[PDB]
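Q: Next comes my_file_11.tsv, TSV, C-alpha atoms and all ligand atoms:
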chain	number	residue	atom	x	y	z
F	1	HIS	CA	11.79	20.89	-4.55
F	2	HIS	CA	10.73	17.23	-5.08
F	3	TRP	CA	8.37	15.57	-2.62
F	4	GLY	CA	9.47	13.16	0.08
F	5	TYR	CA	8.84	12.68	3.76
F	6	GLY	CA	11.31	15.14	5.31
F	7	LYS	CA	10.47	18.41	7.05
F	8	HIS	CA	10.92	20.50	3.94
F	9	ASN	CA	9.19	18.35	1.30
F	10	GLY	CA	6.86	16.28	3.47
F	11	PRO	CA	3.13	15.58	3.28
F	12	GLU	CA	2.23	19.06	4.50
F	13	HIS	CA	3.88	20.57	1.47
F	14	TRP	CA	2.48	18.27	-1.21
F	15	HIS	CA	-0.50	20.44	-2.13
F	16	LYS	CA	1.83	23.10	-3.67
F	17	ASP	CA	2.78	20.78	-6.53
F	18	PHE	CA	-0.32	18.42	-6.35
F	19	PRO	CA	-3.39	20.51	-5.56
F	20	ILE	CA	-5.52	17.39	-5.46
F	21	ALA	CA	-3.86	16.83	-2.10
F	22	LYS	CA	-6.80	18.82	-0.64
F	23	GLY	CA	-9.38	16.97	-2.79
F	24	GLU	CA	-12.64	15.35	-1.67
F	25	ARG	CA	-11.56	11.69	-1.90
F	26	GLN	CA	-8.07	11.68	-0.35
F	27	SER	CA	-6.38	8.79	1.42
F	28	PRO	CA	-5.43	7.48	3.87
F	29	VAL	CA	-8.20	7.96	6.47
F	30	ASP	CA	-8.92	6.94	10.07
F	31	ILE	CA	-11.31	3.90	10.10
F	32	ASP	CA	-13.91	4.60	12.84
F	33	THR	CA	-15.17	1.08	13.56
F	34	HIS	CA	-18.40	2.25	15.21
F	35	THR	CA	-19.35	4.45	12.21
F	36	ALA	CA	-18.48	1.95	9.45
F	37	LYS	CA	-21.70	0.45	8.03
F	38	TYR	CA	-22.01	-3.31	7.75
F	39	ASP	CA	-23.19	-3.89	4.13
F	40	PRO	CA	-24.47	-7.44	3.52
F	41	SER	CA	-24.59	-6.82	-0.23
F	42	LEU	CA	-20.76	-6.79	-0.30
F	43	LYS	CA	-19.39	-10.05	-1.70
F	44	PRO	CA	-16.39	-11.96	-0.40
F	45	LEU	CA	-13.11	-11.05	-2.01
F	46	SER	CA	-11.57	-13.36	-4.56
F	47	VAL	CA	-7.73	-13.42	-4.53
F	48	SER	CA	-6.24	-15.63	-7.27
F	49	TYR	CA	-2.49	-15.35	-6.97
F	50	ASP	CA	-1.59	-18.91	-7.86
F	51	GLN	CA	-0.06	-17.85	-11.21
F	52	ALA	CA	1.71	-14.77	-9.84
F	53	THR	CA	5.01	-13.96	-11.59
F	54	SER	CA	7.28	-11.57	-9.60
F	55	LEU	CA	10.10	-10.08	-11.69
F	56	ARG	CA	11.99	-7.46	-9.74
F	57	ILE	CA	12.42	-5.51	-6.56
F	58	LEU	CA	13.35	-1.81	-6.78
F	59	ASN	CA	14.23	1.05	-4.37
F	60	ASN	CA	12.42	4.09	-5.90
F	61	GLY	CA	13.55	6.57	-3.27
F	62	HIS	CA	10.27	6.55	-1.32
F	63	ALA	CA	9.75	2.81	-0.70
F	64	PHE	CA	10.69	-0.51	-2.33
F	65	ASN	CA	8.38	-2.07	-4.88
F	66	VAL	CA	8.21	-5.77	-5.80
F	67	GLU	CA	6.93	-5.80	-9.43
F	68	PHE	CA	4.89	-8.44	-11.17
F	69	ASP	CA	4.22	-9.40	-14.75
F	70	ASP	CA	0.77	-7.81	-15.54
F	71	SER	CA	0.82	-8.65	-19.31
F	72	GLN	CA	-1.84	-11.30	-18.69
F	73	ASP	CA	-4.41	-12.15	-16.03
F	74	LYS	CA	-1.94	-14.11	-13.81
F	75	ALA	CA	-2.50	-12.50	-10.36
F	76	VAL	CA	-5.94	-10.92	-9.99
F	77	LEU	CA	-8.39	-9.55	-7.46
F	78	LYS	CA	-12.19	-9.57	-8.03
F	79	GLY	CA	-15.38	-9.72	-5.94
F	80	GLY	CA	-15.71	-7.59	-2.80
F	81	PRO	CA	-17.04	-4.19	-3.88
F	82	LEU	CA	-15.37	-4.50	-7.34
F	83	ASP	CA	-16.85	-4.82	-10.82
F	84	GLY	CA	-14.37	-6.50	-13.20
F	85	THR	CA	-10.90	-7.91	-12.89
F	86	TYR	CA	-7.99	-6.13	-11.32
F	87	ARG	CA	-4.46	-7.34	-12.10
F	88	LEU	CA	-1.64	-7.13	-9.58
F	89	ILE	CA	1.15	-4.82	-10.81
F	90	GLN	CA	3.15	-4.28	-7.57
F	91	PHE	CA	3.23	-4.30	-3.77
F	92	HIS	CA	5.17	-2.02	-1.39
F	93	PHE	CA	5.07	-1.02	2.34
F	94	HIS	CA	4.82	2.13	4.49
F	95	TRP	CA	6.69	1.90	7.86
F	96	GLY	CA	7.95	3.88	10.77
F	97	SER	CA	11.02	4.85	12.70
F	98	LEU	CA	9.39	3.24	15.78
F	99	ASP	CA	6.98	0.35	16.23
F	100	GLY	CA	4.21	2.80	17.37
F	101	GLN	CA	3.78	4.36	13.92
F	102	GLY	CA	4.23	3.46	10.22
F	103	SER	CA	0.76	2.63	8.77
F	104	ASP	CA	-1.04	4.97	6.37
F	105	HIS	CA	-4.55	4.01	7.60
F	106	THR	CA	-5.41	3.95	11.30
F	107	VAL	CA	-8.25	2.03	13.07
F	108	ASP	CA	-10.04	3.98	15.82
F	109	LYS	CA	-6.90	6.19	15.68
F	110	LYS	CA	-4.53	3.27	16.33
F	111	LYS	CA	-1.39	3.29	14.20
F	112	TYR	CA	0.30	0.02	13.18
F	113	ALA	CA	4.05	-0.61	12.65
F	114	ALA	CA	3.65	-0.90	8.89
F	115	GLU	CA	1.08	-1.28	6.13
F	116	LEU	CA	1.42	-3.38	2.98
F	117	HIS	CA	-0.21	-2.15	-0.24
F	118	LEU	CA	-1.02	-4.66	-3.03
F	119	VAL	CA	-1.75	-2.51	-6.09
F	120	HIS	CA	-4.17	-3.68	-8.76
F	121	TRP	CA	-5.43	-2.08	-12.02
F	122	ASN	CA	-8.75	-2.49	-13.80
F	123	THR	CA	-8.28	-4.55	-16.93
F	124	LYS	CA	-11.01	-2.68	-18.77
F	125	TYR	CA	-8.60	0.28	-19.18
F	126	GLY	CA	-5.85	-1.80	-20.94
F	127	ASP	CA	-2.87	-0.43	-18.98
F	128	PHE	CA	-1.92	1.04	-15.62
F	129	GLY	CA	-1.36	4.52	-17.02
F	130	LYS	CA	-4.95	4.81	-18.33
F	131	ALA	CA	-6.37	3.09	-15.20
F	132	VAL	CA	-5.07	5.87	-12.82
F	133	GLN	CA	-7.15	8.45	-14.71
F	134	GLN	CA	-10.48	6.73	-13.82
F	135	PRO	CA	-12.52	6.75	-10.62
F	136	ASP	CA	-12.58	2.93	-10.55
F	137	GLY	CA	-9.14	2.35	-12.14
F	138	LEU	CA	-7.32	0.89	-9.16
F	139	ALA	CA	-8.01	-1.54	-6.35
F	140	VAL	CA	-5.47	-1.47	-3.45
F	141	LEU	CA	-5.57	-4.16	-0.71
F	142	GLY	CA	-4.13	-2.72	2.54
F	143	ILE	CA	-2.78	-5.13	5.24
F	144	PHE	CA	-1.59	-3.90	8.65
F	145	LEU	CA	1.56	-5.29	10.21
F	146	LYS	CA	2.07	-5.40	13.99
F	147	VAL	CA	5.32	-6.53	15.69
F	148	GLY	CA	5.24	-9.96	17.28
F	149	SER	CA	6.29	-13.24	15.67
F	150	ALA	CA	8.20	-13.42	12.39
F	151	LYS	CA	6.35	-13.90	9.15
F	152	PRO	CA	8.14	-16.69	7.30
F	153	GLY	CA	6.79	-15.57	3.94
F	154	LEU	CA	8.22	-12.05	4.25
F	155	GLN	CA	11.81	-13.35	4.81
F	156	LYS	CA	12.75	-13.69	1.11
F	157	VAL	CA	11.93	-9.97	0.91
F	158	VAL	CA	13.88	-8.98	4.03
F	159	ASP	CA	17.02	-10.76	2.78
F	160	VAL	CA	17.33	-8.88	-0.56
F	161	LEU	CA	17.03	-5.40	0.96
F	162	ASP	CA	20.84	-5.15	1.42
F	163	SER	CA	21.19	-5.28	-2.36
F	164	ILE	CA	18.83	-2.35	-3.13
F	165	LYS	CA	19.86	-0.09	-0.28
F	166	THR	CA	19.78	3.17	-2.26
F	167	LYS	CA	17.48	4.95	-4.70
F	168	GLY	CA	17.49	3.55	-8.23
F	169	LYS	CA	18.87	0.11	-7.31
F	170	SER	CA	17.01	-2.98	-8.42
F	171	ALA	CA	17.43	-6.73	-8.16
F	172	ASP	CA	15.96	-9.74	-9.90
F	173	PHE	CA	13.17	-11.03	-7.73
F	174	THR	CA	11.53	-14.09	-9.32
F	175	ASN	CA	9.32	-16.76	-7.86
F	176	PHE	CA	8.06	-14.81	-4.80
F	177	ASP	CA	4.47	-15.82	-3.84
F	178	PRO	CA	2.40	-12.99	-2.43
F	179	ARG	CA	0.05	-15.50	-0.79
F	180	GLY	CA	2.57	-15.76	2.06
F	181	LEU	CA	1.61	-12.19	3.09
F	182	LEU	CA	-2.16	-12.71	3.58
F	183	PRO	CA	-3.79	-12.95	7.00
F	184	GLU	CA	-6.09	-15.92	7.63
F	185	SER	CA	-9.31	-13.81	7.36
F	186	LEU	CA	-10.41	-11.67	4.39
F	187	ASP	CA	-12.95	-9.53	6.30
F	188	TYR	CA	-12.57	-5.91	5.20
F	189	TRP	CA	-13.52	-2.28	5.21
F	190	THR	CA	-13.92	-0.45	1.89
F	191	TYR	CA	-14.16	3.19	0.85
F	192	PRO	CA	-13.40	5.24	-2.33
F	193	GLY	CA	-10.09	7.09	-2.12
F	194	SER	CA	-6.75	7.87	-3.73
F	195	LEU	CA	-3.06	7.02	-3.99
F	196	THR	CA	-1.28	7.99	-0.75
F	197	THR	CA	1.76	9.40	-2.53
F	198	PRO	CA	1.95	12.04	-5.32
F	199	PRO	CA	0.29	12.18	-7.75
F	200	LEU	CA	-2.50	11.45	-5.21
F	201	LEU	CA	-5.00	10.64	-7.99
F	202	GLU	CA	-8.47	9.80	-6.75
F	203	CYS	CA	-8.74	6.53	-8.62
F	204	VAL	CA	-8.67	3.96	-5.81
F	205	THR	CA	-11.17	1.58	-4.35
F	206	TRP	CA	-9.46	0.74	-1.02
F	207	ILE	CA	-9.88	-2.71	0.52
F	208	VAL	CA	-8.42	-2.63	4.03
F	209	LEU	CA	-8.16	-6.01	5.80
F	210	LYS	CA	-9.42	-6.12	9.36
F	211	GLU	CA	-6.84	-8.63	10.49
F	212	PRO	CA	-3.17	-7.63	10.77
F	213	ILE	CA	-0.27	-9.95	10.05
F	214	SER	CA	2.64	-10.08	12.52
F	215	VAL	CA	6.32	-9.50	11.67
F	216	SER	CA	9.24	-9.76	14.03
F	217	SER	CA	11.06	-6.77	15.33
F	218	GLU	CA	14.13	-7.96	13.45
F	219	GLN	CA	12.20	-8.05	10.19
F	220	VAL	CA	10.93	-4.42	10.46
F	221	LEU	CA	14.43	-3.46	11.56
F	222	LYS	CA	15.76	-4.38	8.13
F	223	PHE	CA	13.25	-2.09	6.47
F	224	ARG	CA	14.58	0.87	8.45
F	225	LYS	CA	18.10	0.23	7.06
F	226	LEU	CA	17.16	1.35	3.58
F	227	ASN	CA	17.94	4.76	2.20
F	228	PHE	CA	15.89	7.51	0.55
F	229	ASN	CA	19.08	8.82	-1.06
F	230	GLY	CA	21.03	7.50	-4.04
F	231	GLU	CA	24.48	5.88	-3.81
F	232	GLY	CA	27.26	8.29	-2.80
F	233	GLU	CA	24.84	10.87	-1.34
F	234	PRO	CA	24.54	11.63	2.35
F	235	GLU	CA	22.61	8.91	4.16
F	236	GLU	CA	18.93	9.54	4.97
F	237	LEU	CA	17.31	6.38	6.45
F	238	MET	CA	14.07	5.40	4.70
F	239	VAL	CA	11.66	5.64	7.67
F	240	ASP	CA	8.27	7.20	8.30
F	241	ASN	CA	7.23	7.09	4.61
F	242	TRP	CA	3.47	7.35	5.59
F	243	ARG	CA	0.91	10.15	5.09
F	244	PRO	CA	-1.27	11.31	7.98
F	245	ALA	CA	-5.04	10.60	7.87
F	246	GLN	CA	-7.13	12.86	5.63
F	247	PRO	CA	-10.71	14.11	6.22
F	248	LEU	CA	-13.41	11.63	5.24
F	249	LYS	CA	-15.64	14.39	3.92
F	250	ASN	CA	-18.71	13.03	2.14
F	251	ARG	CA	-17.69	9.35	2.19
F	252	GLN	CA	-18.91	6.24	3.94
F	253	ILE	CA	-16.75	3.37	5.10
F	254	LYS	CA	-18.55	0.05	4.53
F	255	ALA	CA	-17.67	-3.18	6.38
F	256	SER	CA	-17.93	-6.71	4.94
F	257	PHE	CA	-18.56	-8.05	8.49
F	258	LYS	CA	-20.16	-7.15	11.78
E	301	ZN	ZN	1.20	2.59	-0.50
Just give me the structure of the file as structure tokens.
A:
Amino acid sequence: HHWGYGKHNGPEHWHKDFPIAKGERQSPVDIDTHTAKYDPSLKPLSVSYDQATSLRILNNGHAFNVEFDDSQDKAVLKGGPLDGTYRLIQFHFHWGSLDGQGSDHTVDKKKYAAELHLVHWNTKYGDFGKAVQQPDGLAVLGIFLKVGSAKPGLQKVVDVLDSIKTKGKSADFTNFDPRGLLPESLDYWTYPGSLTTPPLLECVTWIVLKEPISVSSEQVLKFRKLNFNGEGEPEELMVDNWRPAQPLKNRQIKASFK
């Protein structure tokens, strides 16, 4: 039936409807820190989110997305390994049922409690829908979350979850600044990959930040209270919405640091 994260429609089944699942540039991957090549030709990232306009938060049945106005160059990413301007369209997270798992990517096989994905699309393609069909159409910034101290900037997000508990619910979500979710350092790893959920298109330039941000136990707790199901359907907690690491195959992970 339709894809999800349960036993019967989980990652191991995806290839039946999305054959690209077994492609050559699938994500996520394990980042082997001793095999990643420091590349001094990589430029520093440029994050300009000062004009970011958030509009809405939505439960789509697999995660929650905070959506932004991408009608103009208001929140963009450039620099790093990228050519051109990438506009922020949305961010969402991947998390676990326990603090020992939840991230998509792993570092030296270590799993994090969650992973934030900031999704950007290449302005040269005019819209998101055309961008996903190109090898360089998307840029996704991945940020690891570990449990420790609370992240003040994530709290406006935690507090609205109650209102979008089930699939298809949405709430107005204006004036949220995504700068409150960045770590202090912008050192990163980069490799060519894909979306980590169906349709798994291989159109992503991944930018994974070396430094994790911390959230409190109580904050991740609230994530685990969401539902995969729609209102009036049997309750399935939204947990473990991450895909296991995929073979690197013929790809190199480059590091912006040493
Ligand atoms: Zn994601």
Q: F:61, F:183, F:147, F:159: which is nearest residue 235 of chain F, counting all atoms listed in the file?
A: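 Using all atoms listed in the file, the shortest distance to residue 235 of chain F belongs to F:61.
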Q: Tell me which of F:229, F:122, F:97, F:90 sits closest to ligand ZN 301 (chain E), counting all atoms listed in the file.
A: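 Looking only at the distances to ligand ZN 301 (chain E), the closest residue turns out to be F:90.
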Q: Kindly provide, as number ranges by chain, all nucleotide and amino acid residues lying within 12 Å of ligand ZN 301 (chain E), counting all atoms listed in the file.
A: F: 27-28, 62-65, 90-95, 102-105, 114-120, 139-144, 194-198, 200, 204, 206, 208, 241-243
Q: Set the distance at 10 Å and use only C-alpha atoms: which residues neighbour residue 60 of chain F once local chain neighbours fewer than 3 positions away are removed? I'd like the list as a list in words.
A: residues 57, 63, 64, 65, 164, 166, 167, 168, 169, 170, 227, 228, 229 and 230 of chain F
Q: Specify the axis-aligned box that encloses all atoms of segment 37-47 of chain F listed in the file after padding of 3 Å on each side, stating its centre and edge lengths in Å to one decimal as JSON.
A:
{"center_x": -16.2, "center_y": -6.5, "center_z": 1.7, "size_x": 22.9, "size_y": 19.9, "size_z": 18.6}
Q: What does the structure give for the distance between atom CA of residue 149 of chain F and atom CA of residue 100 of chain F, in Å to one decimal?
A: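 Atom CA of residue 149 of chain F sits 16.3 Å away from atom CA of residue 100 of chain F.
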Q: As an exercise, work out the distance from atom CA of residue 113 of chain F to atom CA of residue 45 of chain F in Å and give it to one decimal place.
A: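 It comes out at 24.9 Å.
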Q: Of the candidates F:218, F:236, F:12, F:50, which shows the shortest atom-to-atom distance to residue 180 of chain F, using all atoms listed in the file?
A: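 Among the listed residues, the smallest separation from residue 180 of chain F belongs to F:50.
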Q: Report as a list in words all protein, DNA and RNA residues lying within 9 Å of residue 47 of chain F, evaluated on all atoms listed in the file, omitting residues in the same chain fewer than 2 positions from it.
A: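 Residues near the query, excluding close chain neighbours: residues 45, 49, 50, 75, 76, 77, 78, 79 and 179 of chain F.
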Q: Nearest to residue 232 of chain F among F:69, F:134, F:155, F:165, with distances taken over only C-alpha atoms: which residue is it?
A: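 The shortest atom-to-atom distance to residue 232 of chain F comes from F:165.
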Q: Nearest residue to residue 133 of chain F out of F:214, F:8, F:202, F:153, using only C-alpha atoms?
A: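 Answer, going by the shortest atom-to-atom distance: F:202.
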Q: Atom CA of residue 53 of chain F to atom CA of residue 177 of chain F: how many Å, to one decimal?
A: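 These two atoms are separated by 8.0 Å.
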Q: Identify which of the residues F:30, F:83, F:127, F:67 lies closest to residue 173 of chain F, counting all atoms listed in the file when measuring atom-to-atom distances.
A: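 Of all the options, F:67 lies closest to residue 173 of chain F.
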Q: Name all residues at most 9 Å from residue 107 of chain F (count only C-alpha atoms; drop same-chain ones fewer than 4 positions away) and give them as a ChimeraX atom specification.
A: /F:29-33,111-112
Q: As a ChimeraX atom specification, please: the residues near residue 181 of chain F (cut-off 8 Å, all atoms listed in the file, same-chain neighbours under 3 positions excluded).
A: /F:151,153-154,178,213
